[PDB]
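Asks: Below: one structure in structure tokens.
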Amino acid sequence: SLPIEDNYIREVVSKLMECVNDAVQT
Amino acid sequence: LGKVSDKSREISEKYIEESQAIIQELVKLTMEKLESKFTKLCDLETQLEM
């Protein structure tokens, strides 16, 4: 139950192919 | 780019077949209103002559 340092608490803490397949064709 | 262009050029045609299907509706929907103005005007064909 000893408090810890504050600077240690602050220390521990498929949509791609759907266009390519349509850009290769047209 | 040509692979775009003709691919676009058919899509424009897809709206032309749209657009006349709107236009041939207005040529319908005007006429009844024009009919709704003949049936009033043939009233006056009597009344003025009265």
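Going by the structure tokens order, chains are called A, B, ..., each with residues numbered from 1, while ligands are numbered from 1 in the order shown.
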Considering only C-alpha atoms, give me a table of residues in chain B that are at most 9 Å from chain A, with the closest atom pair and distance in Å for each, as a tab-separated table.

Replies:
```
residue	atom	partner	partner_atom	distance
B:1	CA	A:26	CA	9.0
B:3	CA	A:26	CA	5.6
B:4	CA	A:26	CA	6.3
B:7	CA	A:26	CA	7.4
```

Asks: Only N, CA and C atoms, please: the residues just picked out, written as a short mmCIF file (atom, residue, chain, number, x, y, z; two decimals), in the first residue's frame.

Replies:
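Output saved as again_26.cif:
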```cif
data_model
loop_
_atom_site.label_atom_id
_atom_site.label_comp_id
_atom_site.auth_asym_id
_atom_site.auth_seq_id
_atom_site.Cartn_x
_atom_site.Cartn_y
_atom_site.Cartn_z
N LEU B 1 -7.50 5.08 -71.31
CA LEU B 1 -8.41 6.22 -71.47
C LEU B 1 -9.50 5.93 -72.50
N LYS B 3 -10.33 2.91 -73.10
CA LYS B 3 -11.06 1.91 -72.32
C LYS B 3 -12.00 2.55 -71.32
N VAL B 4 -11.77 3.81 -70.95
CA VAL B 4 -12.79 4.56 -70.22
C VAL B 4 -13.87 5.05 -71.17
N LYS B 7 -16.53 2.94 -72.67
CA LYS B 7 -17.22 2.46 -71.47
C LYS B 7 -18.09 3.56 -70.88
#
```

Asks: If you run DSSP on the backbone, which residues of chain A are alpha helix (DSSP H), as a ChimeraX atom specification?

Replies: /A:6-12,17-25

Asks: Please write the residues from the selection above to a file, keeping C-alpha atoms, as a PDB file, in the first residue's frame.

Replies:
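Listed below is the output, result01.pdb:
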```
ATOM      1  CA  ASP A   6       3.096   9.404 -11.343  1.00  0.00           C
ATOM      2  CA  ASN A   7       5.753   9.239 -14.089  1.00  0.00           C
ATOM      3  CA  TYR A   8       5.632   5.435 -13.817  1.00  0.00           C
ATOM      4  CA  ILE A   9       1.842   5.195 -14.024  1.00  0.00           C
ATOM      5  CA  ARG A  10       2.237   7.423 -17.113  1.00  0.00           C
ATOM      6  CA  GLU A  11       5.018   5.028 -18.242  1.00  0.00           C
ATOM      7  CA  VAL A  12       3.465   1.552 -17.951  1.00  0.00           C
ATOM      8  CA  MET A  17      -9.531  -6.152 -54.833  1.00  0.00           C
ATOM      9  CA  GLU A  18     -13.051  -4.779 -55.440  1.00  0.00           C
ATOM     10  CA  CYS A  19     -11.454  -1.780 -57.195  1.00  0.00           C
ATOM     11  CA  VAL A  20      -8.385  -3.449 -58.732  1.00  0.00           C
ATOM     12  CA  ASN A  21     -10.415  -6.158 -60.491  1.00  0.00           C
ATOM     13  CA  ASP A  22     -12.623  -3.426 -61.975  1.00  0.00           C
ATOM     14  CA  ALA A  23      -9.660  -1.209 -62.906  1.00  0.00           C
ATOM     15  CA  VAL A  24      -7.864  -3.989 -64.792  1.00  0.00           C
ATOM     16  CA  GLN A  25     -10.936  -4.695 -66.958  1.00  0.00           C
TER      17      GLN A  25
END
```

Asks: Rounded to one decimal in Å, what is the spacing between atom CA of residue B:35 and atom CA of residue B:19?

Replies: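 Between atom CA of residue B:35 and atom CA of residue B:19 the gap is 25.0 Å.
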